[PDB]
């Protein structure tokens, strides 16, 4: 009965923030949002957010009073990240994501720390994960979209473009209901999720060159579209960066820009197949000078249990491999992006 797919065009900011637009309310109030498979909550800044919070003042605010479809809830909501925490209250309203209108519970955020959100081009987050991950056990937006039964398939897919490879053209694309064969070549290699409730799969090993340096006895791999870099445990990333000859410069891991192009391939062993990134895929080659330091698109994030410890495959991975998230068969499909 349902035969519709929907395409959301994304803006690529510095190969770190891939964001699209959603409407909330009647009439729609538009917000720039990152679509994260690593989380399950929808939240945007609130009009009720104090002007003291710089991060609220320099982003779009949701005014509930200007929405004729707004329904009050007011249940407190706290979303805890690595460094900072955003908090607010739940509200219900009609959200327009793609061309699909859906009644959705989301967070009106009234407290935003300057760090890291003053570096965010996006206003809010759309969680594309499972209700098991949703704080306050709030029904995720993609569950409520499946309930409508309008989608061709209960799947969504991600294309992220390179910022340098293309200039003044498509930053990225989310498809709800299928995958766009214009942005991937060949067929999808599908890998079953370990368990429903997380976009997480088994990883057999992580190879630097031919040798398998890390994840020798097996480990976990969360596919997080909202994560800028590939992340691993502090333990794993310190070993990886030792092997690459990369040094810590303030917050970044860097190598000399001239040594960047000779850095070895990094391979992630997923579903009995090698997913390889060359130095061109995980180094930001701003220069090729022997005096300048170039940043690696890889960092340490110690994700707590029960989801972690785990690797997170972010935009660095997805830029290489077009990714299809299949809720029907609880599996992830990877194919070469073009």
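Positions refer to the first chain, counted from 1.
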task = Report the stretch with the higher mean CA temperature factor, choosing between 241 to 249 and 121 to 129 on the basis of the entry.
result = 241 to 249
task = Averaging only over Cα atoms, indicate whether 97 to 105 or 203 to 211 has the higher B-factor in the PDB entry.
result = 203 to 211
request  = By the entry's C-alpha temperature factors, tell me which of 88, 140, 186, 116 sits highest.
outcome  = 186
task = From the list 166, 225, 92, 231, select the residue with the highest C-alpha B factor recorded in the entry.
result = 166
key: residue 82, C-alpha B-factor rank within chain (lowest, middle or highest third)   = highest
task = Grab the CA temperature factor for residue 196 from the record and place it in the lowest, middle or highest third of its chain.
result = highest
ask   = Split the chain's modelled residues into thirds by Cα B-factor; is residue 291 in the lowest, middle or highest one?
value = highest
query = Lowest, middle or highest third: where is residue 319 by Cα B-factor in its chain?
reply = lowest
ask   = Split the chain's modelled residues into thirds by Cα B-factor; is residue 36 in the lowest, middle or highest one?
value = lowest
